[PDB]
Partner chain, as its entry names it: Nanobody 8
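Quick heads-up: it's one chain on its own, the form solved without its partner chain, in structure tokens.
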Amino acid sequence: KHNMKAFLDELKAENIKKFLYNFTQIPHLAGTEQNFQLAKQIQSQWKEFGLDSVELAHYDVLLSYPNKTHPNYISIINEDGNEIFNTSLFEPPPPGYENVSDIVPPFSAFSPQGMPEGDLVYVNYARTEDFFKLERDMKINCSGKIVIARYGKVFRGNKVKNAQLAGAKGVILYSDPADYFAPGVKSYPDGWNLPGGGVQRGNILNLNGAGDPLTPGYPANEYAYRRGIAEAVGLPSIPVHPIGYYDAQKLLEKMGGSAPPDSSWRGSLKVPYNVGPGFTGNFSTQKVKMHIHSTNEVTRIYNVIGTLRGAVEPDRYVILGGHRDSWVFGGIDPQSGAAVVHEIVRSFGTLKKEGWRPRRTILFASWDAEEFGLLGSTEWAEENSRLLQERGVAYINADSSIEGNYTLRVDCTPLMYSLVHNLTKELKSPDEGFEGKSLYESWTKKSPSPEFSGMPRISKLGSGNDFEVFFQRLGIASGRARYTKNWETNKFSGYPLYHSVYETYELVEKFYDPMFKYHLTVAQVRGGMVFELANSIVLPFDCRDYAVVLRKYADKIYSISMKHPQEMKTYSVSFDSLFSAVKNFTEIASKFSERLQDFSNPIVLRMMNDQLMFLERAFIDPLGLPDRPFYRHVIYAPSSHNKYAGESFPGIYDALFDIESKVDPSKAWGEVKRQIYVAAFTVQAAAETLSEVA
């Protein structure tokens, strides 16, 4: 039989291991020859694996690179202008890679050039609330200062935007051992911790879903009209550079001015964590000087797009996509995900060679330039937006398969919750102590949902990966899954070696997943989801799950507003319309579900499958959210304070945020009421797509 079990049994840990080794021997930085060569390799292998068509889709997009002959670094300079301390020019390469060339040195992609000199201010994680504390409570002014911020908690681009709005003239980002060194584990190569010379690369754009900075809304093709750099979307206006904690300790240890306001501002280095500005008495005439000489350059990138044509509904697309470009070797990010995709294509291709085809078309994508702002997936989606919005069933992302070895992690639209529960009950747990038990059982035990015992946690999607254009711009049901750490016992962020030269094949094979069993489990989950979405007669979406979450989110945003009861009375701010819409959605979804379970008629089937497919689409508002036109989903958007986190009812949440500080409360509360109307209208409109059609 050609069924899901055939598909799943064909997947092999040993193949994932071979592919991961093959993908991680040299760097594959976006825009470089090595990454184009890997694109061509994947294209060739996907054809040989059996796909119907495999093409490269290229675009010319703005990328950013250091200057090879004028390196970036930071100094402490004395009053004569002598540079008495310089930060490292590169991370010490790991064992056996000390002769690899083309390792890009640490830098903040898209930083402008500059050599600002000034006094330091330490701003903790540079979150909105850290700047509130400095400015409103401590009365410290960042204007014209260089800010030093520890990485962690929020996306680094939000940190830079926050520093820029505080008036900083430069930003220094560093990895504190508090956030990137797990107690009792050794530094690489002897364990999976970040050494003191390790540094996290990463872009600092604030694109808000735009894709290539020069061509928002349209693909960066051969004839595209490009904005000038001055009108580009999302570029920072002050220089930024990241460093490791050996160098950070040298910059922090001399800090004077005010003490940290409390312990949540103190990391683990043996320094006071004084906020500044500037250095203590003896060193008060020294300054910090940045030297940034990176250049932005329009550069060609290549996505690989593989198609497995559907047998019955070839005009319905189920997409499995993840990126191929890496900062250096990409041992976890992205190649542990790309190796899994490669083995999924291989298994579907084995069935295809035996005469099978899925019911719907499956598209497989190896995206480029994800690390520079989701550029490859976004430009391809801009090019293909009309096909995707009328034909796109679902998008499953496939970046890193592992960021720990403790339990499963899934983030997805509520429409896929039931599919995920059902699939995980049919899969074997790879965990020690749960041999013979389902993945659902081990996941639920290790990661209980806050809401319902006997259920596992499933998070909302935010952003910071290639599902963003599909979900938040286009309204295509999306999901992602990976193995993760124990979040209770682990206070570090992501994994310690994230975006460092130390993320290697050896890291994964020695410390994370020697048997490749967690990779295999992730391949089964991602692949199983794609198989069900592409093969189930009725799409495997449950609209009743959206009804349950919408009520939860309406309760949550109502509770935020009710912190301001006098203003709600004064301005007549009512959530009645929103709860009415959610009640109506609940009722209509319940009736739709009964019809779905109660109808030999392929027109009623497909009519019903179209209602299921366009339900996520109904949450899109073609006018976008305020000042963020490419975030169009009214229920979910990336948080305005942290692109990685999803926010629910984002339009109302942002209208309420810090509202007690607004100088015109009438205007501010009017905008809250406007966002409640938009949300209530959209929920009701989405509900009505599920009503009988005529």
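Positions refer to the first chain, counted from 1.
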{"item": "Count class of coordinate-free deposited residues lying between the neighbours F599 and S600", "value": "1 to 3"}
{"item": "Per the entry, higher mean C-alpha B factor between 469 to 477 and 114 to 122", "value": "114 to 122"}
{"item": "Between the two ranges 43 to 51 and 642 to 650, the one averaging a larger CA B factor in the entry", "value": "43 to 51"}
{"item": "Peak C-alpha temperature factor (PDB record), options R526, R409, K425, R127", "value": "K425"}
{"item": "Criterion, highest CA B-factor; candidates, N221, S577, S88, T378", "value": "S88"}
{"item": "Where the record places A149 (Cα B-factor, split into thirds across the chain)", "value": "middle"}
{"item": "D664 CA temperature factor, ranked by third within the chain", "value": "highest"}
{"item": "Modelled-residue ranking by C-alpha temperature factor, third containing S284", "value": "highest"}
{"item": "Chain third (lowest, middle, highest) by recorded CA B-factor, residue given as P195", "value": "middle"}
{"item": "Entry-reported Cα temperature factor of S294, expressed as the chain third it lands in", "value": "middle"}
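Below, we turn to the form solved in complex with its partner chain, even though it does not appear here.
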item	value
4.5 angstroms heavy atom contact with its partner chain in the bound PDB entry for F90	yes
Distance check, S459 to its partner chain in the bound PDB entry, heavy atom within 4.5 Å	no
Partner proximity in the bound PDB entry: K254 to its partner chain, non-hydrogen atom cutoff 4.5 Å	yes
Non-hydrogen atom contact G196 with its partner chain in the bound PDB entry at 4.5 angstroms	yes
Candidate stretches 140 to 148, 81 to 89, 111 to 119, 399 to 407 - the one whose heavy atoms come within 4.5 Å of its partner chain in the bound PDB entry	81 to 89
Single option in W367, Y518, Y502, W327 placed near its partner chain in the bound PDB entry, where near means a heavy atom within 4.5 Å	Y502
Among the candidates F492, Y97, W265, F283, the residue which, in the bound PDB entry, approaches its partner chain to within 4.5 Å (heavy atoms)	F283
Neighbours of its partner chain in the bound PDB entry among 244 to 259 [non-hydrogen atom within 4.5 angstroms]	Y246, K250, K254
